[PDB]
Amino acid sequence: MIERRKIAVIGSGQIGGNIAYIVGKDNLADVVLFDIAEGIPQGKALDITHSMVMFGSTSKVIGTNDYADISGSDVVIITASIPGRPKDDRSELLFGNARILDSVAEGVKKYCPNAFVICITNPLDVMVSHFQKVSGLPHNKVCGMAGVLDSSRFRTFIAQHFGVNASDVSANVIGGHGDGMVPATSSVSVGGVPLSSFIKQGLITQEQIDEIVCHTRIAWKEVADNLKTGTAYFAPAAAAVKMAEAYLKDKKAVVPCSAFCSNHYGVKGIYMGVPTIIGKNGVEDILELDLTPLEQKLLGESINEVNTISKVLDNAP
């Protein structure tokens, strides 16, 4: 007896609504939009439902305030957050969002403990770790969306320099989703050609590469300062869907995401951005990039950044 695939979206704000829209459009799964705010998920679900016939999709999209309705969810995507964008740092949301995730963890533990959980709520890496701890779900079934967004920005900026299809740029961002994130320039390639070759050919300079690295790191503020009323939500939504696809279709896709890293990158059990393989069993493996000594040091500094914010949370009021 085949059953419809089911994705629960916890938090039906800017990102949550976009996820439902795209999931429905692709007919990837049925969607349950959950929110504590009255009307919001219901209104978005009805609106998106009307669009399904236009897209030729038979996906069902419903809005709810009841955790019983996320029962049997294959994937749970957590977007729930306290209101207002971060001013200077994503960690400003730490204390409030940790408390939200405590409640979300109780819902998931009760109604869909076998779900693959994708966290989006900031500060991403610490929130993922917090959710895994309080929910008690297996490490391989809990991860955070970040690397796909960061790497997509990184790839896009490289692609825009060379004037080529971004899909043909290979580029990874690793470490914590913050100022310390590490766009690994050493393993960048465009159609198989490394950046070192493009430098020799005079088609890109190291300063231009440095600018692209900086642009990747500050990209969230560039979008946020232009939108004014909030942070990015079109690309983060799409990134989460790509991760959900990898799980639901058992793709064995290489997905940069915040995952529990135990025998790689010199760490012994920490949630941080790494290249994973995602399939039907969740996070099934982690790949080891060839990092330069400089990149290894920058990754070390990112790890310190993650541990620092994590310790602040451990000593929360």
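Take the two forms, find the largest set of C-alpha atoms that superpose within 1.5 Å, and that set is the rigid core. When you see a residue number, it is the position in the sequence shown, counting from 1.
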The stretch that moves more in 4 other deposited structures of this protein, judged by RMS C-alpha distance from this form after core superposition, 210-218 or 93-101, is 93-101
Of 289-297 and 16-24, the one with the larger RMS C-alpha deviation from the shown form in 4 other deposited structures of this protein, core-superposed, is 289-297
Mean C-alpha B-factor comparison - 132-140 and 75-83, higher one | 132-140
Per the entry, higher mean C-alpha B factor between 32-40 and 263-271 | 263-271
Between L124, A246, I174, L227, where does the Cα B-factor run highest in the record?
-> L227
Out of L287, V53, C257, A253, highest CA B-factor residue | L287
Ranked against its chain, the third holding the CA B-factor of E211 = middle
Could you look up the Cα B-factor of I118 in the entry and say which third of the chain it sits in: lowest, middle or highest?
-> lowest
Entry-reported C-alpha B-factor of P236 relative to its chain, by third, is lowest
Once the chain's modelled residues are ordered by C-alpha B factor and cut into thirds, is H161 in the lowest, middle or highest one?
-> middle
For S59, return the chain-relative third of its C-alpha B-factor as stated in the PDB record: lowest, middle or highest.
-> lowest
